[PDB]
Ligand SMILES: CCC(=O)N[C@H]1CC[C@@H](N2C(=O)N(c3ccccc3Cl)Cc3cnc(Nc4ccc(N5CCN(C)CC5)c(C)c4)nc32)CC1
Ligand SMILES: [Cl-]
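In PDB author numbering, the protein residues as written are 697 to 747, 750 to 859, 877 to 998, 1007 to 1017.
Next up, the structure:
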């Protein structure tokens, strides 16, 4: 396999300021922040993950840093660098609007078919990239998609060692493949097309495995034409080579994205508007997004 020449950037903790905490797990804490490379006159919005030391955890966060440093694609999250303090810190571009799953629940009343279909395209491009790079996600789901702007999303939490999102060969044989990812993409779309609902609500985790051999799948969401639902259902076929290739999903969803209301029927579609930072506001003055800093 080819030599992996990702650059790993070490940042100084004095070069950034934690501002608000975005979440707190037992393992660690993720902060909203700014990063100021000194003498470059830029303020990069970032997210800062910090663990407070466990030998095993220190190793895993560096595995994460290893993967996140290796990808570069507009619909995949990447690492800006790490900071070697008492406890290591991973430094990521900030995704201001959080996770897609939260974003479609809270902004449900204003999410029209154009956004829903573009998200599907963008998530498919993400996974097709992870396919080109022969990297299988193994944990794709609406919560692991982050929204930079409502018009731009990126996959996170990918490639690191949730049955309801798992292809069947992943459940019975613990097989994980790109076509296993195609299945979880399917559930992911279903999450968006239902505006955040929970898949297989109220079921035993165990039953799911024979439910799928029996042949049951998830329901058709109301807004979903047969054209969209069919594409999902093809992600849940059992023979993994009949399931679609992300590169096809890109095409098919991108086709539908040209005539959105022919493929998703949403009451009051054309009335809806979502914050576009170009459109409404970009609301400490001098700041560049990490994507324009490379
Ligand atoms: C796991 C413990 C945990 O709680 N994780 C969650 C919180 C951190 C979050 N997160 C990362 O983990 N990143 C990352 C991934 C890998 C390595 C390093 C890193 Cl830095 C990069 C990241 C970038 N941008 C955001 N934007 C963003 C997030 C949340 C919120 N709101 C605040 C108000 N609400 C109550 C709900 C949340 C908002 C408004 C904006 N969140 C990120 C992922 C999920
Ligand atoms: Cl689950």
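We put the beta carbon where it would ideally sit given N, CA and C, even for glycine.
{"Item": "Reduced DSSP secondary structure (H/G/I, E/B, other) of residue 781", "Value": "strand"}
{"Item": "Selection from 763, 910 and 698 that minimises the alpha carbon distance to residue 803", "Value": "910"}
{"Item": "Pairwise C-alpha distance: residue 754 and residue 792", "Value": "27 Å"}
{"Item": "Of the listed residues 923, 959 and 905, nearest to residue 935 (C-alpha basis)", "Value": "905"}
{"Item": "Check: residue 829 C-beta below 7 Å from any heavy atom of ligand 1", "Value": "no"}
{"Item": "Residues near residue 914 by beta carbon distance below 8 Å, same chain, minus five either side", "Value": "879, 880, 902, 905, 906 and 933"}
{"Item": "Best match in 769, 826 and 948 for proximity to residue 960 [C-alpha to C-alpha]", "Value": "826"}
{"Item": "DSSP beta-bridge partners of residue 746", "Value": "725 and 787"}
{"Item": "Every unbroken alpha helix (DSSP H) within the region 810-839, with a cutoff of 4 residues, ordered by chain", "Value": "811-830"}
{"Item": "Residue(s) in a DSSP beta bridge with residue 720", "Value": "725"}
{"Item": "Nonlocal neighbours in the same chain, by C-beta distance under 8 Å from residue 722, ignoring five residues either side", "Value": "none"}
{"Item": "Contact check, residue 999 vs residue 788, beta carbons under 8 Å", "Value": "Between 998 and 1007 in the chain the model has nothing, and residue 999 is one of the residues in that span."}
{"Item": "heavy atom of ligand 1 below 7 Å from residue 745 C-beta", "Value": "yes"}
{"Item": "Any residue whose CB is nearer than 5 Å to a heavy atom belonging to ligand 2, listed in chain order", "Value": "877, 878 and 879"}
{"Item": "Buried versus exposed, by CB contacts within 10 Å (16 or more), residue 958", "Value": "buried"}
{"Item": "Contacts around residue 976, its chain only, beta-carbon distance under 7 Å, and the 5 residues preceding and following it disregarded", "Value": "811 and 984"}
{"Item": "Buried versus exposed, by CB contacts within 10 Å (16 or more), residue 761", "Value": "exposed"}
{"Item": "Where residue 980 falls, given that 16 or more other Cβ within 10 Å makes a residue buried", "Value": "exposed"}
{"Item": "Backbone secondary structure at residue 909 - three-state DSSP", "Value": "coil"}
{"Item": "Nearest neighbour of residue 758, chosen from 854, 727, 859 and 997 [CA to CA]", "Value": "859"}
{"Item": "Which of helix, strand or coil DSSP assigns to residue 712", "Value": "strand"}
{"Item": "Rounded C-alpha distance that separates residue 777 from residue 750", "Value": "22 Å"}
{"Item": "Residue 892 beta carbon near ligand 1 (any heavy atom closer than 7 Å)", "Value": "no"}
{"Item": "Straight-line Cα distance separating residue 724 from residue 717", "Value": "11 Å"}
{"Item": "C-alpha gap between residue 839 and residue 990, whole angstroms", "Value": "23 Å"}
{"Item": "Other residues of its chain near residue 841: CB distance less than 6 Å, five sequence neighbours each side excluded", "Value": "797 and 799"}
{"Item": "Residue 710 versus residue 764: straight-line alpha-carbon distance, rounded", "Value": "23 Å"}
{"Item": "Beta-carbon proximity of residue 740 to residue 998, cut-off 8 Å", "Value": "no"}
{"Item": "Boundaries of the alpha helix (DSSP H) in which residue 737 is found, first to last residue", "Value": "No alpha helix (DSSP H) contains residue 737, which DSSP labels as neither H nor E."}
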